[PDB]
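Just one chain is shown here, as structure tokens, and it is the form deposited in one PDB entry.
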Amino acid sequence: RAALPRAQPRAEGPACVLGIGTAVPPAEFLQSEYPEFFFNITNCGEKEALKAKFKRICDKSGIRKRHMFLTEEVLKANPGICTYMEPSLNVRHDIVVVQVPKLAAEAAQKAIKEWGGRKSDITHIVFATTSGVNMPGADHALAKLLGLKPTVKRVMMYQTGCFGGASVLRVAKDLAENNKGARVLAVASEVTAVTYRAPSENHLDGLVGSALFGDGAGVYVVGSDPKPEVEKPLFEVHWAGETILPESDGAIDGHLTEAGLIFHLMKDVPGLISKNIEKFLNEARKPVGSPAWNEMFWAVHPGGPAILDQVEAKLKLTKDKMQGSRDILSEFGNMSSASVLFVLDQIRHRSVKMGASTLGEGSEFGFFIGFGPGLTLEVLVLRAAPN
């Protein structure tokens, strides 16, 4: 009985980010004007105690603006979504079934462009989202929008939540390192029409939800062994891993109901993360020769200000490390799994505009960190290319 040579040849070098696209819906929503607009569009102008809490939450949120498909026109066209808990899922999916892949496609056009390659050389799609499900999936719907080959290989991760963007890089790492010439679209696209609802005293978590969640789509082209000259690695992926946090069970709960997606939080998510994150990162550090924290860049899901402040504190980070995360939070909100894809792009941009030595603000290695239900913490260790 004869052993065989690997019939699908594998690649050699680390999986590399080769191009980055991002994309948001056109409409901006200032956060100073948002308490009025939201409570008025949801016929809840009478709940002034509630509306004041909402304003305080928005004023502490670290967000200047968000982009949102749900313009006034749309919400008026879709009254069910403007209620608290009337049966609305049908008309919510009619929106996101189309708009989740439309958004990703826009971002994919730009990532492909930065990459330099040919569409027909795209061999894998790895797609996350928390904004609805369909059959066929957004991955199929994307492939048709881009005219990819019919043999593109797909991994559609519906319903991930805020660690999803870490996940797609994790998966894309194995798909790229294990397939000669594989070029992967790692894709995270998010549209809020599945969680949006009128505020209520019974749903504090929908109030925070209504103040932080916004729309966005990031896509990376991911591949090993870049053709020298013809492709430019932005970032090398050297480590992927995740973990359930201790004593965290029940923390975040996400339920897809007749009235759309509803979150309940019963545990201090920022404290569970800040308390438990040094230990895990201490492991992810070892393969790249444990750098000090402040020698590394920090592409950290901007879930809110709470998480970013406490981690920075617990780890004694210099306040530039989180600047890219806070920038994205401010200009776009919590875009769920897409958010952390923007944050790294932004770290890359802050590197050129300041003239740093590496695309990680002068750091060689950094972290690419997601987090979401289960209290899963996802982290990748990336290497920044030279400038």
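All residue numbers refer to positions in the sequence shown, first residue = 1.
With 126-134 and 88-96 compared on mean CA B-factor from the PDB entry, the stretch scoring higher is 88-96. Stretches 332-340 and 43-51 differ in mean CA B factor, with 43-51 having the higher one. Taking the PDB entry at face value, the top CA B factor among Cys82, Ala186, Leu145, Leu234 belongs to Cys82.
Highest C-alpha temperature factor among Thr257, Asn276, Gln310, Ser290, as the PDB entry reports it: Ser290.
Remark: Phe263 belongs to the lowest third of its chain, ranked by C-alpha B-factor as recorded. Annotation for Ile20: C-alpha temperature factor in the middle third relative to the rest of the modelled chain, per the entry.
Among the modelled residues of its chain, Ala7 has a C-alpha B-factor that falls in the middle third according to the deposited record.
The PDB entry assigns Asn282 a C-alpha temperature factor belonging to the highest third of its chain's modelled residues.
When the CA B factors of the chain's modelled residues are split into thirds, the value for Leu315 lands in the highest one.
A second form of this protein, the form solved in complex with a small molecule, is not displayed here; the remarks below concern that form.
When the small molecule is considered in the deposited bound form, only one residue from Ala77, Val91, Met266, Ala313 comes within 4.5 Å through any heavy atom, namely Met266. Scanning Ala111, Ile307, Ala193, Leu261 against the small molecule in the deposited bound form with a 4.5 Å heavy atom cut-off leaves one residue, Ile307. The closest heavy atom approach of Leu256 to the small molecule in the deposited bound form falls outside 4.5 Å. Contact annotation for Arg350: none of its heavy atoms lies within 4.5 Å of the small molecule in the deposited bound form. Residue contact check for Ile81: none of its heavy atoms lie within 4.5 Å of the small molecule in the deposited bound form. Within this chain, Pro226 is remote from the site of the small molecule in the deposited bound form, having no heavy atom within 4.5 Å. In plain terms, the part of the chain that comes close to the small molecule in the deposited bound form, with a heavy atom within 4.5 Å, is 56-64 out of 37-45, 56-64, 356-364, 317-325. No member of the trio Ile95, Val97 and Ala143 reaches the small molecule in the deposited bound form with any non-hydrogen atom inside 4.5 Å.
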